[PDB]
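Residue numbers run from 1 in the order of the sequence given.
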Amino acid sequence: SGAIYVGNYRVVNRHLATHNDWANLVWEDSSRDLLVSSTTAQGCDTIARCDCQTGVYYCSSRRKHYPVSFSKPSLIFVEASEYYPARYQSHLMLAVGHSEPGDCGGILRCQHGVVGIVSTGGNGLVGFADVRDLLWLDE
Ligand SMILES: NC(=O)[C@H]1CCCN(C(=O)Cc2ccccc2C(F)(F)F)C1
Ligand SMILES: [Zn+2]
């Protein structure tokens, strides 16, 4: 679990969104596993606007942060779940690093700010849903 709080917005994994998130919906995209809801308090985080391919992510299953090199946002496949079916998740970045169920929501950051959140993983890999193209989170 985990979320990005920026201004009057909360960004979470779509498969983990709450009833409150859906009742205060701003935007959602099942193909990206993202959902953004509105909040009444000002958010604690800053968003990166860059093309960094190195950064640090939080891994709940190890209670530790790890440095990673990650790929450019692209399409990757993800098997079924209580949430989705075999598809090409878009805007997804892969990295060599640990992840397991329960790790979604961990933040990935570079020197410019928040890059995205853990959304996929498997066999020594970890996938992050990018948020750097969501320019509207700031204005
Ligand atoms: N974006 C999705 O469709 C995810 C929905 C939940 C399930 N999902 C996963 O990949 C679950 C998984 C499996 C092995 C290692 C790590 C994970 C992690 F990080 F939790 F995502 C896929
Ligand atoms: Zn950056």
For this session: For the residue pair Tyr66 and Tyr58, establish whether any side-chain heavy-atom pair is separated by less than 4.5 Å.
Result: no
Exercise. In Å and rounded to the nearest 0.5 Å, what is the OG to CG distance from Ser90 to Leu75?
Worked result: 5.5 Å
For this session: With the side chain counted from C-beta on, respond yes when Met93 and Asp130 share a heavy-atom pair under 4.5 Å apart, and no when they do not.
Result: yes
For this session: Determine, using the 4.5 Å side-chain heavy-atom cutoff (strictly less than), whether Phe70 and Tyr57 are members of one ILVMFWY cluster.
Result: yes
Seminar exercise, completed: Sequence neighbours excluded, the answer for side-chain contact (heavy atoms from CB on, under 4.5 Å) partners of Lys72 is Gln53
Exercise. Are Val78 and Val96 co-members of a hydrophobic cluster defined by side-chain heavy atoms under 4.5 Å apart?
Worked result: no
Problem set entry | Side chains of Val6 and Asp138 in contact at under 4.5 Å (non-hydrogen atoms) | yes
For this session: Quick one: pull up CH2 in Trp22 and CZ in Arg14 and give me the separation to the nearest 0.5 Å.
Result: 4.0 Å
Problem set entry | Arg49 side, atom CZ; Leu135 side, atom CG - distance, nearest 0.5 Å | 5.0 Å
Exercise. If you round to the nearest 0.5 Å, how far is CG of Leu137 from CD1 of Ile4?
Worked result: 8.0 Å
Exercise. Atom OH of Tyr9 and atom CG of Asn24: how far apart are they, to the nearest 0.5 Å?
Worked result: 12.5 Å
Exercise. Any chance the side chains of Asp29 and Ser31 put a donor and an acceptor closer than 3.5 Å?
Worked result: yes
Problem set entry | Backbone of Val118 reached by a side-chain donor or acceptor of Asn13 within 3.5 Å | yes
For this session: Just do the side chain to side chain donor-acceptor pair (under 3.5 Å) check on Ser61 and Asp103 with the steps written out, would you?
Result: CA-CA 6 Å; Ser61 66; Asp103 278 322; 2.7 Å; yes
For this session: Answer whether the closest heavy-atom distance between the side chains of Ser69 and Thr54 falls below 4.5 Å.
Result: yes
Exercise. Is there a donor-acceptor pair under 3.5 Å between the side chain of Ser99 and the backbone N or O of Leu125?
Worked result: yes
For this session: Answer with yes or no whether the hydrophobic clustering places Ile47 together with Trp136; edges join I, L, V, M, F, W, Y residues whose side-chain heavy atoms lie under 4.5 Å apart.
Result: yes
Seminar exercise, completed: To the nearest 0.5 Å, atom CG of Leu108 lies from atom CZ of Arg132 at 7.5 Å
Exercise. Any side-chain donor paired with an acceptor under 3.5 Å for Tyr84 and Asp33?
Worked result: yes
For this session: Find out whether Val12 and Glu28 are in side-chain contact, i.e. whether some heavy atom of one side chain is under 4.5 Å from a heavy atom of the other.
Result: no
For this session: Sequence neighbours left out, what passes salt bridge (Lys or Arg N to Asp or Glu O under 4.0 Å) with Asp21? Give chain and number order.
Result: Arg10
Exercise. Is any side-chain heavy atom of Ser119 closer than 4.5 Å to a side-chain heavy atom of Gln89?
Worked result: yes
Problem set entry | Ionic contact status for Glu79 with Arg87, cut-off 4.0 Å | no
Exercise. Are any non-hydrogen side-chain atoms of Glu100 and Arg62 less than 4.5 angstrom apart?
Worked result: yes
Exercise. Given side chains that start at C-beta, do those of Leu94 and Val126 come closer than 4.5 Å, heavy atoms only?
Worked result: no
